[PDB]
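Participant: Can you read through this structure? Questions will come right after.
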Amino acid sequence: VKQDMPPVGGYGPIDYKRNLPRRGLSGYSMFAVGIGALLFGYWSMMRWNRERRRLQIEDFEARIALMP
Amino acid sequence: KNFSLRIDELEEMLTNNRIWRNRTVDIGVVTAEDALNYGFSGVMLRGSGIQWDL
């Protein structure tokens with residue numbers, strides 16, 4: 001009998017092809033994401049700065065009334 | 001099977017890179033006159049012009 005190493009009935013298929021997911025996000029919408037986060041931060045920043053100006057004028061009134 | 005997947009992940013890593021492409025595009029011009037007179041062999045001849053394979 002003969003006992004070499006053949007392919008056992010023909011092997012299954014072998015992949016070789018390239019693949020890229022191209023993800024993605026449709027980058028103009030990603031610019032919209034960035035500009036939205038930017039303007040979100042500016043809105044909250046504006047609110048906090050004006051409330052802190054209010055409190056800083058209160059500390060001004062403290063130093064004014066305490067002074068004489 | 002394993003190696004086809006790993007080399008496609010190497011294409012995922014390196015080929016679509018910004019600064020690696022910027023690192024090797026500008027250099028290494030090879031004119032076909034130079035490729036055939038200066039005795040170049042193999043991958044230079046494939047990568048620069050002439051259709052050639054032993």
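Ordered as shown in the structure tokens, chains take letters A, B, and onward, while each chain numbers its residues from 1 and ligands are numbered from 1 in the order shown.
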Specify as a PyMOL selection string all residues of chain A found within 10 Å of chain B, counting only C-alpha atoms.

Facilitator: chain A and resi 13-21

Participant: Quick one: everything within 8 Å of segment 47-54 of chain B, counting only C-alpha atoms, minus sequence neighbours fewer than 6 positions away in the same chain. Send it as a ChimeraX atom specification.

Facilitator: /B:30-32,35

Participant: Just the helix (DSSP H, G or I) stuff from chain B, please, per backbone DSSP, written as an NGL selection string.

Facilitator: :B and (2-15 or 18-23 or 32-37 or 43-47)

Participant: Would you output that residue set with N, CA, C and O atoms, as a short mmCIF file (atom, residue, chain, number, x, y, z; two decimals), in the first residue's frame?

Facilitator:
data_model
loop_
_atom_site.label_atom_id
_atom_site.label_comp_id
_atom_site.auth_asym_id
_atom_site.auth_seq_id
_atom_site.Cartn_x
_atom_site.Cartn_y
_atom_site.Cartn_z
N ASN B 2 -5.15 31.84 8.06
CA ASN B 2 -4.73 32.80 9.08
C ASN B 2 -3.90 33.93 8.49
O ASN B 2 -4.05 35.10 8.86
N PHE B 3 -3.06 33.61 7.51
CA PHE B 3 -2.12 34.59 7.01
C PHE B 3 -2.77 35.56 6.04
O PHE B 3 -2.34 36.71 5.96
N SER B 4 -3.78 35.11 5.28
CA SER B 4 -4.53 36.06 4.48
C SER B 4 -5.21 37.09 5.37
O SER B 4 -5.17 38.30 5.07
N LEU B 5 -5.76 36.65 6.51
CA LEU B 5 -6.37 37.63 7.42
C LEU B 5 -5.32 38.57 8.02
O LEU B 5 -5.55 39.79 8.10
N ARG B 6 -4.16 38.05 8.41
CA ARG B 6 -3.13 38.89 9.02
C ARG B 6 -2.51 39.88 8.04
O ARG B 6 -2.20 41.02 8.43
N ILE B 7 -2.35 39.50 6.78
CA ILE B 7 -1.78 40.46 5.85
C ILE B 7 -2.81 41.51 5.46
O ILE B 7 -2.46 42.67 5.21
N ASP B 8 -4.11 41.16 5.47
CA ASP B 8 -5.10 42.21 5.26
C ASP B 8 -5.17 43.16 6.44
O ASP B 8 -5.42 44.36 6.26
N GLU B 9 -4.90 42.68 7.65
CA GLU B 9 -4.78 43.61 8.77
C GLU B 9 -3.50 44.43 8.71
O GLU B 9 -3.47 45.55 9.23
N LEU B 10 -2.46 43.93 8.05
CA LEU B 10 -1.30 44.79 7.82
C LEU B 10 -1.60 45.89 6.81
O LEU B 10 -1.12 47.02 6.95
N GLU B 11 -2.40 45.58 5.78
CA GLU B 11 -2.87 46.63 4.88
C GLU B 11 -3.76 47.63 5.60
O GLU B 11 -3.77 48.82 5.26
N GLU B 12 -4.55 47.15 6.56
CA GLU B 12 -5.32 48.03 7.44
C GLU B 12 -4.42 48.97 8.22
O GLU B 12 -4.72 50.15 8.38
N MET B 13 -3.29 48.45 8.70
CA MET B 13 -2.41 49.25 9.53
C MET B 13 -1.64 50.28 8.72
O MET B 13 -1.75 51.49 8.96
N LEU B 14 -0.85 49.82 7.76
CA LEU B 14 0.25 50.62 7.25
C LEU B 14 -0.04 51.34 5.94
O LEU B 14 0.42 52.47 5.76
N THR B 15 -0.80 50.72 5.03
CA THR B 15 -0.93 51.23 3.67
C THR B 15 -1.71 52.54 3.62
O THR B 15 -1.36 53.46 2.88
N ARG B 18 -1.17 58.29 6.77
CA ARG B 18 -0.84 59.62 6.27
C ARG B 18 0.66 59.80 6.14
O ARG B 18 1.19 59.98 5.03
N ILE B 19 1.37 59.72 7.26
CA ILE B 19 2.75 60.18 7.22
C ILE B 19 3.69 59.12 6.69
O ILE B 19 4.79 59.44 6.26
N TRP B 20 3.27 57.86 6.63
CA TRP B 20 4.13 56.86 6.01
C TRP B 20 4.11 57.02 4.50
O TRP B 20 5.15 56.90 3.83
N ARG B 21 2.93 57.31 3.95
CA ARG B 21 2.83 57.71 2.55
C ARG B 21 3.62 58.97 2.27
O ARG B 21 4.39 59.03 1.31
N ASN B 22 3.49 59.97 3.15
CA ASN B 22 4.29 61.19 2.99
C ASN B 22 5.78 60.91 3.14
O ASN B 22 6.61 61.62 2.56
N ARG B 23 6.12 59.85 3.86
CA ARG B 23 7.51 59.49 4.08
C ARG B 23 8.12 58.87 2.85
O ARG B 23 9.29 59.12 2.54
N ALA B 32 13.03 54.10 -17.08
CA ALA B 32 13.18 52.79 -17.73
C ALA B 32 14.53 52.63 -18.41
O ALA B 32 15.07 51.52 -18.45
N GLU B 33 15.07 53.73 -18.95
CA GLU B 33 16.45 53.73 -19.45
C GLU B 33 17.42 53.34 -18.36
O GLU B 33 18.30 52.49 -18.56
N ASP B 34 17.25 53.92 -17.17
CA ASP B 34 18.13 53.62 -16.06
C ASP B 34 17.89 52.21 -15.55
O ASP B 34 18.83 51.50 -15.18
N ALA B 35 16.63 51.77 -15.54
CA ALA B 35 16.30 50.45 -15.05
C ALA B 35 16.84 49.36 -15.95
O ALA B 35 17.09 48.24 -15.49
N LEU B 36 17.05 49.66 -17.23
CA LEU B 36 17.58 48.64 -18.11
C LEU B 36 19.07 48.77 -18.35
O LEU B 36 19.70 47.79 -18.75
N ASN B 37 19.67 49.94 -18.11
CA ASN B 37 21.11 50.01 -18.29
C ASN B 37 21.87 49.74 -17.01
O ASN B 37 22.93 49.12 -17.05
N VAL B 43 12.11 43.35 -8.53
CA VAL B 43 11.01 44.14 -8.00
C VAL B 43 11.10 45.59 -8.43
O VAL B 43 10.08 46.28 -8.55
N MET B 44 12.31 46.07 -8.73
CA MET B 44 12.46 47.39 -9.32
C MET B 44 11.86 47.44 -10.72
O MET B 44 11.18 48.41 -11.08
N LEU B 45 12.08 46.39 -11.51
CA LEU B 45 11.58 46.37 -12.88
C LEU B 45 10.06 46.20 -12.92
O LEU B 45 9.41 46.75 -13.81
N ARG B 46 9.51 45.44 -11.98
CA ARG B 46 8.07 45.37 -11.83
C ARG B 46 7.51 46.72 -11.42
O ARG B 46 6.57 47.23 -12.04
N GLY B 47 8.09 47.31 -10.38
CA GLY B 47 7.56 48.54 -9.83
C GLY B 47 7.82 49.77 -10.64
O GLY B 47 7.31 50.84 -10.31
#

Participant: What gap, in Å, lies between atom CA of residue 23 of chain A and atom CA of residue 16 of chain B?

Facilitator: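 If I compute the distance from atom CA of residue 23 of chain A to atom CA of residue 16 of chain B, I get 13.0 Å.
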